[PDB]
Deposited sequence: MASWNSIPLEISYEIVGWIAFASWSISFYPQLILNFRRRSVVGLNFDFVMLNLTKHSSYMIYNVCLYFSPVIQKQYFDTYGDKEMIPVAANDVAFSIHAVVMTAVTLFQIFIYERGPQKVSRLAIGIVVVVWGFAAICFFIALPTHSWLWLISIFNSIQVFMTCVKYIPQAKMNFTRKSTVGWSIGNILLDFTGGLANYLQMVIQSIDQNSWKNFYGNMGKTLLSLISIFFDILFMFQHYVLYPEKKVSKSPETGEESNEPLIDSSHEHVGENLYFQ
């Protein structure tokens, strides 16, 4: 399916690349500090592992649905053949960038001074259980080539890992950047739905729908706590 309105298509591209930038720029400050220090002391090792799980899972869904004519046909067979694919180029760019950045972090953890830091049993357990389940789903889908079903599991895994990021977490510049990308990724989906006259993209990409809303709600909650509720 193609865009109807020229201004709505341009709006959707501008809000998408704003979402890409506000969420990709935050990877560099820690990475630069770690290389200069030649150490990872101060970094949460559990969070690095949980984020590699989340970013690889979202990346699988975005790259596959964006580039595979085969998986795109499965999408059309499920939500409608007049539907627009709900994965934008900025989603693909965000995902690949977030995996490379997280992989650089892991390489830094491996080469650099670690101090008394170590991934917790509870975090290793979450990751092992999540990866095991994903491997169970890869083998169930492999004979029937159920690739839309498989990457929708990968997308639900990122929604689980997104809940793990915010729920325990419950200064302003980083919150504002995170909130901007959540609102920009949500608004992107709205603009698409308005133009196509269809809300199916919210169901076909329930991972992006929840990733954006979990981010918005939780960042609003943190801003409400640091300024209204207590100080």
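Asks: Where does the model skip over parts of the deposited sequence?
Replies: 1, 172 to 183, 245 to 277 are the stretches of the deposited chain that have no C-alpha coordinates in the structure.
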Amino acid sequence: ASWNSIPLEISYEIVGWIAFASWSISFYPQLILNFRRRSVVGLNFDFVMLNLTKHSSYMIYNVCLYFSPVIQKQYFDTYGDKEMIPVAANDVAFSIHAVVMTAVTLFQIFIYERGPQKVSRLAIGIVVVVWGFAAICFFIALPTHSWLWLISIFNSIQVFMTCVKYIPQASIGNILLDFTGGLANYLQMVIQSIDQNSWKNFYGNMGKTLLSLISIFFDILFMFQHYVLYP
From here on, numbers count along this sequence of modelled residues.
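Asks: Please compare 139 to 147 with 107 to 115 and name the stretch with the higher mean C-alpha B-factor in the deposited structure.
Replies: Per the deposited B-factors, the answer is 107 to 115.
Asks: Using only the Cα atoms and their B-factors as the entry lists them, report which of 86 to 94 and 117 to 125 averages higher.
Replies: Between 86 to 94 and 117 to 125, it is 117 to 125.
Asks: Could you check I167, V70, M206, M59 and tell me which one carries the biggest Cα B-factor in the deposited entry?
Replies: That would be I167.
Asks: Can you tell me whether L176 has a C-alpha B-factor in the lowest, middle or highest third compared with the other modelled residues of the same chain?
Replies: Highest third, going by the recorded CA B-factors of the chain.
Asks: C-alpha B factor of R36, ranked within the chain: lowest, middle or highest third?
Replies: It belongs to the highest third of the chain when residues are ordered by C-alpha B-factor.
Asks: Quick check on the deposited entry: does the C-alpha B-factor of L210 sit in the lowest, middle or highest third of its chain?
Replies: According to the entry, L210 has a C-alpha B-factor in the chain's lowest third.
Asks: Against its chain's modelled residues, does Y28's Cα B factor rank lowest, middle or highest third?
Replies: Tercile = highest for this residue's CA B-factor.
Asks: Looking at the temperature factor on the CA atom of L65, which third of the chain's modelled residues does it land in?
Replies: Lowest third, going by the recorded CA B-factors of the chain.
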